[PDB]
$ cat upload_2.cif   # mmCIF, C-alpha atoms and all ligand atoms
data_coords
loop_
_atom_site.label_atom_id
_atom_site.label_comp_id
_atom_site.auth_asym_id
_atom_site.auth_seq_id
_atom_site.Cartn_x
_atom_site.Cartn_y
_atom_site.Cartn_z
CA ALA Q 1 339.41 70.84 79.30
CA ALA Q 2 337.75 74.09 80.48
CA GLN Q 3 337.49 77.27 78.42
CA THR Q 4 336.88 80.12 80.89
CA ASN Q 5 334.73 83.14 79.87
CA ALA Q 6 333.39 81.05 76.93
CA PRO Q 7 330.55 82.33 74.78
CA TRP Q 8 327.35 81.62 76.74
CA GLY Q 9 326.20 78.95 74.26
CA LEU Q 10 329.33 76.86 74.72
CA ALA Q 11 328.96 77.23 78.49
CA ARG Q 12 325.30 76.24 78.13
CA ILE Q 13 325.93 73.03 76.24
CA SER Q 14 328.35 71.86 79.02
CA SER Q 15 326.02 72.73 81.92
CA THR Q 16 322.76 71.37 83.27
CA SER Q 17 321.92 74.97 84.21
CA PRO Q 18 321.91 78.37 82.47
CA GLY Q 19 324.15 81.30 83.47
CA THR Q 20 327.56 79.52 83.66
CA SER Q 21 330.66 81.06 81.94
CA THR Q 22 332.95 77.98 81.55
CA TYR Q 23 332.80 75.59 78.57
CA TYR Q 24 333.79 72.13 79.89
CA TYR Q 25 334.69 69.67 77.16
CA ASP Q 26 336.77 66.58 76.60
CA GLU Q 27 340.21 67.57 75.19
CA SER Q 28 339.64 65.25 72.19
CA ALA Q 29 337.44 68.21 70.95
CA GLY Q 30 336.10 66.44 67.83
CA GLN Q 31 339.62 65.61 66.54
CA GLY Q 32 339.24 63.10 63.66
CA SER Q 33 335.68 64.19 62.80
CA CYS Q 34 334.78 66.35 59.76
CA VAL Q 35 332.01 68.93 59.59
CA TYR Q 36 330.77 70.28 56.30
CA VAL Q 37 329.37 73.79 56.72
CA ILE Q 38 326.96 74.20 53.84
CA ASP Q 39 326.50 77.94 53.74
CA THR Q 40 328.01 81.17 52.34
CA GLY Q 41 331.52 79.68 52.62
CA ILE Q 42 334.19 79.88 55.35
CA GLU Q 43 337.00 82.37 55.65
CA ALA Q 44 339.43 79.48 56.19
CA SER Q 45 342.29 82.00 56.75
CA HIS Q 46 340.62 83.27 59.97
CA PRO Q 47 343.22 82.61 62.73
CA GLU Q 48 340.42 81.10 64.87
CA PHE Q 49 340.28 78.04 62.50
CA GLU Q 50 344.01 77.33 63.08
CA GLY Q 51 344.31 75.88 59.56
CA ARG Q 52 341.52 73.28 60.21
CA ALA Q 53 339.06 74.95 57.73
CA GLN Q 54 339.14 74.69 53.95
CA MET Q 55 336.68 75.46 51.18
CA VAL Q 56 335.98 72.27 49.22
CA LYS Q 57 333.20 73.44 46.86
CA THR Q 58 331.57 76.64 45.67
CA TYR Q 59 328.55 77.16 43.43
CA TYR Q 60 329.46 80.79 42.78
CA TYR Q 61 332.32 82.73 41.13
CA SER Q 62 334.50 82.52 44.28
CA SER Q 63 334.75 80.17 47.22
CA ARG Q 64 335.35 83.24 49.48
CA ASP Q 65 332.76 83.94 52.17
CA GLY Q 66 331.72 87.46 51.12
CA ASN Q 67 328.90 87.38 53.66
CA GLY Q 68 330.11 86.19 57.10
CA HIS Q 69 327.22 83.84 57.86
CA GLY Q 70 329.13 80.66 56.86
CA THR Q 71 332.23 81.81 58.71
CA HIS Q 72 330.09 82.46 61.86
CA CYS Q 73 328.47 79.02 61.65
CA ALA Q 74 331.83 77.35 60.99
CA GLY Q 75 333.23 79.22 64.02
CA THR Q 76 330.51 77.83 66.28
CA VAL Q 77 331.21 74.31 64.95
CA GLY Q 78 334.96 74.41 65.33
CA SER Q 79 336.82 77.65 65.90
CA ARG Q 80 339.28 77.65 68.81
CA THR Q 81 337.47 80.30 70.86
CA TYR Q 82 333.89 80.07 69.56
CA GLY Q 83 333.61 76.38 68.61
CA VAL Q 84 332.00 73.36 70.22
CA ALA Q 85 334.45 70.91 68.52
CA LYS Q 86 337.72 72.84 68.64
CA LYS Q 87 339.84 70.23 66.82
CA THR Q 88 337.33 69.16 64.11
CA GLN Q 89 338.14 69.51 60.40
CA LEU Q 90 335.82 72.06 58.76
CA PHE Q 91 334.96 71.87 55.10
CA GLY Q 92 333.17 74.77 53.44
CA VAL Q 93 330.52 74.22 50.79
CA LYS Q 94 329.34 77.54 49.39
CA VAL Q 95 325.73 77.06 48.34
CA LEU Q 96 324.67 80.57 49.42
CA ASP Q 97 325.75 83.72 47.63
CA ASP Q 98 327.36 86.70 49.39
CA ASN Q 99 323.86 88.03 50.19
CA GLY Q 100 323.16 84.74 52.03
CA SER Q 101 320.62 83.52 49.43
CA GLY Q 102 320.78 80.35 47.33
CA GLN Q 103 318.50 78.58 44.82
CA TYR Q 104 317.09 75.23 46.09
CA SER Q 105 318.77 73.42 43.15
CA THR Q 106 322.17 74.71 44.39
CA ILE Q 107 321.53 73.78 48.03
CA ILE Q 108 320.51 70.29 46.85
CA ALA Q 109 323.66 70.03 44.69
CA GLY Q 110 325.75 71.03 47.73
CA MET Q 111 324.12 68.34 49.87
CA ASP Q 112 324.74 65.69 47.16
CA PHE Q 113 328.33 67.03 46.83
CA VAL Q 114 328.94 66.38 50.58
CA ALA Q 115 327.50 62.86 50.41
CA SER Q 116 330.10 62.06 47.71
CA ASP Q 117 333.01 64.29 48.75
CA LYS Q 118 333.16 62.76 52.27
CA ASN Q 119 334.27 59.50 50.62
CA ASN Q 120 337.58 61.13 49.56
CA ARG Q 121 338.35 62.72 53.00
CA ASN Q 122 339.99 61.11 56.02
CA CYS Q 123 337.29 61.57 58.75
CA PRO Q 124 337.92 58.52 60.89
CA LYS Q 125 335.51 59.62 63.66
CA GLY Q 126 332.74 60.46 61.15
CA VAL Q 127 331.18 63.23 59.17
CA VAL Q 128 328.67 65.93 60.15
CA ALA Q 129 326.97 68.50 57.89
CA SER Q 130 325.68 71.77 59.34
CA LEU Q 131 322.92 73.38 57.20
CA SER Q 132 322.16 76.82 58.66
CA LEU Q 133 319.76 77.62 55.87
CA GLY Q 134 316.23 77.03 54.83
CA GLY Q 135 313.29 78.20 52.85
CA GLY Q 136 309.70 77.17 52.27
CA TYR Q 137 308.68 73.52 52.21
CA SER Q 138 310.33 71.64 49.30
CA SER Q 139 310.06 67.86 48.99
CA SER Q 140 313.24 67.94 46.78
CA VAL Q 141 315.22 69.88 49.41
CA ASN Q 142 314.02 67.51 52.15
CA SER Q 143 314.86 64.50 49.91
CA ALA Q 144 318.43 65.91 49.46
CA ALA Q 145 318.85 66.30 53.23
CA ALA Q 146 317.46 62.74 53.70
CA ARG Q 147 319.99 61.43 51.12
CA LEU Q 148 322.87 63.20 52.83
CA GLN Q 149 321.84 61.68 56.20
CA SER Q 150 321.32 58.22 54.56
CA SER Q 151 324.83 58.52 53.03
CA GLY Q 152 326.28 58.40 56.60
CA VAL Q 153 326.55 62.12 57.46
CA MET Q 154 325.01 63.52 60.67
CA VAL Q 155 322.91 66.27 59.14
CA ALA Q 156 321.92 69.17 61.43
CA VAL Q 157 319.56 71.74 59.95
CA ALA Q 158 318.15 75.02 61.25
CA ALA Q 159 314.46 74.93 62.30
CA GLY Q 160 314.10 78.44 60.75
CA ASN Q 161 313.44 81.88 62.27
CA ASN Q 162 309.70 82.31 61.48
CA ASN Q 163 308.33 81.74 65.01
CA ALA Q 164 306.16 79.13 63.24
CA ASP Q 165 305.81 75.38 62.84
CA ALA Q 166 308.95 74.12 61.06
CA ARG Q 167 306.68 71.66 59.15
CA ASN Q 168 306.40 74.41 56.48
CA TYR Q 169 310.14 74.88 55.94
CA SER Q 170 312.89 72.85 54.30
CA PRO Q 171 315.09 71.19 55.10
CA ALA Q 172 313.78 71.74 58.66
CA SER Q 173 310.71 69.57 57.89
CA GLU Q 174 312.79 66.55 56.73
CA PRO Q 175 312.11 64.03 59.54
CA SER Q 176 315.37 62.01 59.12
CA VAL Q 177 317.83 64.87 59.87
CA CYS Q 178 318.39 66.72 63.15
CA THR Q 179 316.18 69.84 63.10
CA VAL Q 180 317.57 72.40 65.54
CA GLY Q 181 315.58 75.14 67.37
CA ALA Q 182 317.20 78.13 69.02
CA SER Q 183 317.23 79.10 72.72
CA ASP Q 184 318.53 82.21 74.49
CA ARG Q 185 320.84 82.55 77.49
CA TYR Q 186 317.84 82.52 79.89
CA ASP Q 187 316.67 79.11 78.51
CA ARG Q 188 313.72 80.63 76.64
CA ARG Q 189 312.90 79.48 73.19
CA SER Q 190 314.50 82.20 71.03
CA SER Q 191 311.66 84.59 70.08
CA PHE Q 192 312.20 83.85 66.40
CA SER Q 193 312.77 80.07 66.73
CA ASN Q 194 310.52 77.77 64.73
CA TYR Q 195 308.94 74.98 66.75
CA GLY Q 196 306.80 71.92 66.16
CA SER Q 197 306.84 68.16 66.17
CA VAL Q 198 309.73 68.02 63.63
CA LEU Q 199 312.22 69.77 65.99
CA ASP Q 200 314.70 67.22 67.42
CA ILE Q 201 316.64 69.51 69.71
CA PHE Q 202 317.36 73.07 70.74
CA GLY Q 203 320.70 74.73 70.86
CA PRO Q 204 321.90 78.22 71.79
CA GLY Q 205 320.84 80.61 69.01
CA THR Q 206 320.34 84.10 70.52
CA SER Q 207 323.38 86.44 70.72
CA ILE Q 208 326.00 83.87 69.65
CA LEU Q 209 329.56 85.24 69.36
CA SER Q 210 331.62 83.61 66.64
CA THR Q 211 334.04 84.25 63.80
CA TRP Q 212 333.19 86.70 61.04
CA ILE Q 213 334.83 87.67 57.78
CA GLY Q 214 337.82 90.01 57.75
CA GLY Q 215 339.37 88.03 60.64
CA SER Q 216 336.68 89.56 62.90
CA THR Q 217 334.04 88.30 65.38
CA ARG Q 218 330.43 89.29 65.95
CA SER Q 219 327.35 88.11 67.80
CA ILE Q 220 324.31 87.22 65.70
CA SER Q 221 321.07 85.31 66.40
CA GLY Q 222 319.27 82.56 64.55
CA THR Q 223 318.42 78.91 64.35
CA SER Q 224 321.45 79.23 61.98
CA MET Q 225 323.59 79.74 65.16
CA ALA Q 226 321.91 76.89 67.12
CA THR Q 227 322.44 74.39 64.28
CA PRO Q 228 326.30 74.50 64.40
CA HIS Q 229 326.24 74.04 68.17
CA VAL Q 230 324.46 70.74 67.52
CA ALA Q 231 326.69 69.92 64.52
CA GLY Q 232 329.80 70.60 66.62
CA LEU Q 233 328.31 68.61 69.52
CA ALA Q 234 327.69 65.67 67.16
CA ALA Q 235 331.33 65.87 65.92
CA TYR Q 236 332.51 66.02 69.52
CA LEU Q 237 330.40 62.98 70.61
CA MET Q 238 331.33 60.97 67.49
CA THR Q 239 335.02 61.59 68.28
CA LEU Q 240 334.33 60.35 71.87
CA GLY Q 241 332.86 57.18 70.26
CA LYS Q 242 329.59 57.86 72.12
CA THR Q 243 327.46 57.84 68.94
CA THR Q 244 327.56 57.55 65.14
CA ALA Q 245 326.32 59.75 62.29
CA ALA Q 246 323.10 57.62 62.05
CA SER Q 247 322.21 57.94 65.73
CA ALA Q 248 323.87 61.19 66.89
CA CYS Q 249 320.67 63.25 66.73
CA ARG Q 250 318.80 60.63 68.82
CA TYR Q 251 321.81 60.36 71.19
CA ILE Q 252 321.88 64.18 71.57
CA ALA Q 253 318.13 64.16 72.23
CA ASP Q 254 318.49 61.23 74.72
CA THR Q 255 321.30 63.04 76.63
CA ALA Q 256 319.84 66.54 76.36
CA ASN Q 257 318.87 68.83 79.24
CA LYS Q 258 315.12 68.00 79.48
CA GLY Q 259 312.39 70.52 80.45
CA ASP Q 260 314.83 73.43 80.88
CA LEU Q 261 313.34 75.65 78.18
CA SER Q 262 310.50 78.17 78.60
CA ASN Q 263 308.03 79.16 75.82
CA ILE Q 264 308.11 75.65 74.29
CA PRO Q 265 304.68 75.13 72.62
CA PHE Q 266 302.92 71.85 73.58
CA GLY Q 267 304.10 69.08 71.13
CA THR Q 268 307.56 70.61 70.65
CA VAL Q 269 310.49 68.82 72.34
CA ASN Q 270 311.86 70.59 75.42
CA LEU Q 271 315.41 69.38 74.87
CA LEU Q 272 318.58 71.45 74.98
CA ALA Q 273 321.82 70.09 73.55
CA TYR Q 274 324.15 69.04 76.38
CA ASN Q 275 327.55 67.32 76.24
CA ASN Q 276 327.21 65.62 79.67
CA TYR Q 277 330.93 66.33 80.27
CA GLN Q 278 332.33 64.93 83.58
CA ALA Q 279 336.00 65.90 84.37
CA CA Q 301 318.54 72.02 84.05
CA CA Q 302 336.20 75.51 46.46
CA CA Q 303 328.42 85.31 45.47
CA CA Q 304 317.63 79.46 58.93
CA CA Q 305 314.49 64.57 62.96
#

$ encode --input "upload_2.cif" --output "C-alpha cells"
Amino acid sequence: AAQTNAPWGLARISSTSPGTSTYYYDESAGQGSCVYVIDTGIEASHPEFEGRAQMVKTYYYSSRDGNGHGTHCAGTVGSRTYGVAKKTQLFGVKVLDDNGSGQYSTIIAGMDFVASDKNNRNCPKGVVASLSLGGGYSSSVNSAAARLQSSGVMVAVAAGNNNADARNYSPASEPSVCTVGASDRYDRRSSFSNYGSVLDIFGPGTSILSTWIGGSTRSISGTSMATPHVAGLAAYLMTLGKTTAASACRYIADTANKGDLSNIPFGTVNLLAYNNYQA
C-alpha cells in the first residue's frame, strides 16, 4: 500500500532517505494489534479513527480529550491519513488533564491500568502503549513503565523536549522501554529533542500533522509526536509477525536507518525508525 502526499514523518519511516512524499506500508497496517495512548484522551469520534478508537479509562471528570495532544498522538499511531498503523485498535487512557498536565501518581495508575486492561481486550497481534509525556526523573514512574513493558506491552515513551540528557526525565530514563527522540524533515535531531545513552530510537517529531480535537487537524512538534510514530511502527511490525512486544524496540533499532541524523551528540544512537517496506 502507498499513501501519496503523506505527512513527511510517515514518508520518512518508509524511506531510507529524507524528502520523499509517499508512505509505503504493508496493507495489514497493524490490524489485530492494540495501542494504548496514555495521554489527554482521544476524540474517538474523529472521522480519521474510523471507529477504531475508544476511551477505556479516564482519571478526570470526563474521558473527553479537551486538549488535543492525545488525539494528535493517537492520530499518528493509527488515524487513516496521519497514522503509521492505519488499522490498529486505539485505546485512550486519560492520565493528563485538559491542560496536558498529570500527577505522577495518575500516570503510574494509567500504566498499571493498561498492564491489566490489555488482558480483557482481543489484541491477537499484541499490545503497544504510547506515552507522549514525561517529567523529571522519578524512580516510581520509571518502575511503572518497566512494569507495563514486563507485562507484555511494547512501551514507547517520549525522550522529552529539554534539549538535554533524557537520563534526568521519566519515563524517558527507564532503560527497559523504548525511549524515542525526535527528528525533523531534514534528518536533524529536532532542536528540542532530548538525547543521551537512554534513547533507543528517533522518530519524526518536528512539524507532524495529525488529528486534533473538534474533528480538526494540526501540525505540532515534540518527542510526543515521535513516540507515536514508533508505537505505530511497533504495532505495524507486530502485526507483520516480525517482532513481539518484548523485542520490538530492539527490532526497530536493528532495522532502523543508521547514521542518517545530524546533530546527534556522541553516545546517542543515530537510529531513525524505518519500516523496511518492500512492495
Ligand atoms: Ca539513509
Ligand atoms: Ca473512559
Ligand atoms: Ca480535565
Ligand atoms: Ca514529552
Ligand atoms: Ca530502552

$ closest_residue --input "upload_2.cif" --among "Q:71, Q:130, Q:239, Q:15" --to "residue 43 of chain Q" --atoms "all atoms listed in the file"
Q:71

$ closest_residue --input "upload_2.cif" --among "Q:116, Q:142, Q:5, Q:105" --to "ligand CA 305 (chain Q)" --atoms "all atoms listed in the file"
Q:142

$ residues_near_point --input "upload_2.cif" --point "(336.3, 69.0, 70.0)" --cutoff "10 Å" --atoms "all atoms listed in the file" --output "PyMOL selection string"
chain Q and resi 1+25-33+77-80+83-89+232-240

$ residues_near_ligand --input "upload_2.cif" --ligand "ligand CA 304 (chain Q)" --cutoff "6 Å" --atoms "only C-alpha atoms and all ligand atoms" --output "mmCIF file with C-alpha atoms, keeping the file's coordinate frame"
data_model
loop_
_atom_site.group_PDB
_atom_site.id
_atom_site.type_symbol
_atom_site.label_atom_id
_atom_site.label_comp_id
_atom_site.auth_asym_id
_atom_site.auth_seq_id
_atom_site.Cartn_x
_atom_site.Cartn_y
_atom_site.Cartn_z
ATOM 1 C CA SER Q 132 322.160 76.820 58.660
ATOM 2 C CA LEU Q 133 319.760 77.620 55.870
ATOM 3 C CA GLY Q 134 316.230 77.030 54.830
ATOM 4 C CA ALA Q 158 318.150 75.020 61.250
ATOM 5 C CA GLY Q 160 314.100 78.440 60.750
ATOM 6 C CA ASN Q 161 313.440 81.880 62.270
ATOM 7 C CA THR Q 223 318.420 78.910 64.350
ATOM 8 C CA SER Q 224 321.450 79.230 61.980
#

$ residues_around --input "upload_2.cif" --residues "residue 171 of chain Q" --least-positions-apart "4" --cutoff "9 Å" --atoms "all atoms listed in the file" --output "list in words"
residues 131, 133, 134, 135, 136, 137, 138, 139, 141, 142, 143, 144, 145, 146, 157, 158, 159, 175, 177 and 179 of chain Q

$ residues_near_ligand --input "upload_2.cif" --ligand "ligand CA 302 (chain Q)" --cutoff "9 Å" --atoms "all atoms listed in the file" --output "mmCIF file with C-alpha atoms, keeping the file's coordinate frame"
data_model
loop_
_atom_site.group_PDB
_atom_site.id
_atom_site.type_symbol
_atom_site.label_atom_id
_atom_site.label_comp_id
_atom_site.auth_asym_id
_atom_site.auth_seq_id
_atom_site.Cartn_x
_atom_site.Cartn_y
_atom_site.Cartn_z
ATOM 1 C CA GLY Q 41 331.520 79.680 52.620
ATOM 2 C CA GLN Q 54 339.140 74.690 53.950
ATOM 3 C CA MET Q 55 336.680 75.460 51.180
ATOM 4 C CA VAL Q 56 335.980 72.270 49.220
ATOM 5 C CA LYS Q 57 333.200 73.440 46.860
ATOM 6 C CA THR Q 58 331.570 76.640 45.670
ATOM 7 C CA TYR Q 59 328.550 77.160 43.430
ATOM 8 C CA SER Q 62 334.500 82.520 44.280
ATOM 9 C CA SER Q 63 334.750 80.170 47.220
ATOM 10 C CA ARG Q 64 335.350 83.240 49.480
ATOM 11 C CA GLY Q 92 333.170 74.770 53.440
ATOM 12 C CA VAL Q 93 330.520 74.220 50.790
ATOM 13 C CA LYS Q 94 329.340 77.540 49.390
#

$ atom_distance --input "upload_2.cif" --atom1 "atom CA of residue 269 of chain Q" --atom2 "atom CA of residue 205 of chain Q"
16.0 Å

$ atom_distance --input "upload_2.cif" --atom1 "atom CA of residue 217 of chain Q" --atom2 "atom CA of residue 74 of chain Q"
12.0 Å

$ closest_residue --input "upload_2.cif" --among "Q:18, Q:35, Q:121, Q:204" --to "residue 153 of chain Q" --atoms "all atoms listed in the file"
Q:35

$ residues_near_ligand --input "upload_2.cif" --ligand "ligand CA 301 (chain Q)" --cutoff "8 Å" --atoms "all atoms listed in the file" --output "VMD selection string"
chain Q and resid 15 to 18 257 to 260

$ residues_near_ligand --input "upload_2.cif" --ligand "ligand CA 305 (chain Q)" --cutoff "10 Å" --atoms "only C-alpha atoms and all ligand atoms" --output "PyMOL selection string"
chain Q and resi 146+155-157+172-180+197-201+249-250+253

$ residues_near_ligand --input "upload_2.cif" --ligand "ligand CA 303 (chain Q)" --cutoff "6 Å" --atoms "all atoms listed in the file" --output "ChimeraX atom specification"
/Q:60,97-98

$ atom_distance --input "upload_2.cif" --atom1 "atom CA of residue 218 of chain Q" --atom2 "atom CA of residue 107 of chain Q"
25.3 Å

$ residues_around --input "upload_2.cif" --residues "residue 210 of chain Q" --least-positions-apart "6" --cutoff "7 Å" --atoms "all atoms listed in the file" --output "ChimeraX atom specification"
/Q:72,75-76,82,217-219

$ residues_around --input "upload_2.cif" --residues "residue 11 of chain Q" --least-positions-apart "3" --cutoff "6 Å" --atoms "only C-alpha atoms" --output "MDAnalysis selection string"
chainID Q and resid 8 14 20:23

$ write_last_selection --input "upload_2.cif" --atoms "C-alpha atoms" --output "PDB file, keeping the file's coordinate frame"
ATOM      1  CA  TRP Q   8     327.350  81.620  76.740  1.00  0.00           C
ATOM      2  CA  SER Q  14     328.350  71.860  79.020  1.00  0.00           C
ATOM      3  CA  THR Q  20     327.560  79.520  83.660  1.00  0.00           C
ATOM      4  CA  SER Q  21     330.660  81.060  81.940  1.00  0.00           C
ATOM      5  CA  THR Q  22     332.950  77.980  81.550  1.00  0.00           C
ATOM      6  CA  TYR Q  23     332.800  75.590  78.570  1.00  0.00           C
TER       7      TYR Q  23
END

$ closest_residue --input "upload_2.cif" --among "Q:127, Q:115, Q:42, Q:209" --to "residue 150 of chain Q" --atoms "only C-alpha atoms"
Q:115

$ build_atoms --input "upload_2.cif" --residues "segment 252-271 of chain Q" --atoms "N, CA, C and O atoms" --output "compact mmCIF listing (two decimals), in the coordinates of the input"
# COMPACT_ATOMS: atom_id res chain seq x y z
N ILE Q 252 321.89 62.79 71.06
CA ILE Q 252 321.88 64.18 71.57
C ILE Q 252 320.55 64.45 72.25
O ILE Q 252 320.53 65.00 73.37
N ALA Q 253 319.47 64.01 71.61
CA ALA Q 253 318.13 64.16 72.23
C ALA Q 253 318.08 63.37 73.54
O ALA Q 253 317.58 63.91 74.52
N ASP Q 254 318.56 62.13 73.54
CA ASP Q 254 318.49 61.23 74.72
C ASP Q 254 319.27 61.83 75.90
O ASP Q 254 318.93 61.50 77.06
N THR Q 255 320.33 62.59 75.63
CA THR Q 255 321.30 63.04 76.63
C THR Q 255 321.13 64.53 76.87
O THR Q 255 321.91 65.12 77.64
N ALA Q 256 320.10 65.10 76.29
CA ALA Q 256 319.84 66.54 76.36
C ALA Q 256 319.44 66.93 77.78
O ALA Q 256 318.96 66.10 78.53
N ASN Q 257 319.60 68.21 78.11
CA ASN Q 257 318.87 68.83 79.24
C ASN Q 257 317.39 68.83 78.89
O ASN Q 257 317.06 69.37 77.83
N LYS Q 258 316.57 68.21 79.73
CA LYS Q 258 315.12 68.00 79.48
C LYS Q 258 314.33 68.98 80.32
O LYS Q 258 314.64 69.09 81.55
N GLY Q 259 313.35 69.66 79.72
CA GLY Q 259 312.39 70.52 80.45
C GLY Q 259 312.99 71.83 80.88
O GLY Q 259 312.33 72.57 81.62
N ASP Q 260 314.17 72.19 80.42
CA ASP Q 260 314.83 73.43 80.88
C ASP Q 260 314.27 74.64 80.16
O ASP Q 260 314.48 75.74 80.70
N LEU Q 261 313.67 74.46 78.99
CA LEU Q 261 313.34 75.65 78.18
C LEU Q 261 311.94 76.17 78.51
O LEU Q 261 310.98 75.35 78.73
N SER Q 262 311.80 77.48 78.46
CA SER Q 262 310.50 78.17 78.60
C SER Q 262 310.01 78.55 77.20
O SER Q 262 310.81 78.59 76.29
N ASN Q 263 308.71 78.78 77.08
CA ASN Q 263 308.03 79.16 75.82
C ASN Q 263 308.15 78.05 74.78
O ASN Q 263 308.17 78.35 73.60
N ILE Q 264 308.18 76.80 75.21
CA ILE Q 264 308.11 75.65 74.29
C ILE Q 264 306.64 75.32 74.10
O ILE Q 264 305.98 74.91 75.05
N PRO Q 265 306.09 75.46 72.88
CA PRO Q 265 304.68 75.13 72.62
C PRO Q 265 304.44 73.63 72.85
O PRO Q 265 305.32 72.83 72.56
N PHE Q 266 303.29 73.27 73.39
CA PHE Q 266 302.92 71.85 73.58
C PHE Q 266 303.23 71.11 72.26
O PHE Q 266 302.97 71.67 71.21
N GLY Q 267 303.81 69.91 72.32
CA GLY Q 267 304.10 69.08 71.13
C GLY Q 267 305.45 69.38 70.51
O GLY Q 267 305.84 68.71 69.50
N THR Q 268 306.17 70.35 71.06
CA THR Q 268 307.56 70.61 70.65
C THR Q 268 308.47 70.02 71.72
O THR Q 268 308.17 70.21 72.89
N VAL Q 269 309.56 69.38 71.33
CA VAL Q 269 310.49 68.82 72.34
C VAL Q 269 311.02 69.95 73.24
O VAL Q 269 311.24 71.05 72.78
N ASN Q 270 311.17 69.67 74.51
CA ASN Q 270 311.86 70.59 75.42
C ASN Q 270 313.21 69.96 75.71
O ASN Q 270 313.30 69.25 76.69
N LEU Q 271 314.12 70.06 74.78
CA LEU Q 271 315.41 69.38 74.87
C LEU Q 271 316.47 70.36 74.44
O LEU Q 271 316.36 70.90 73.34
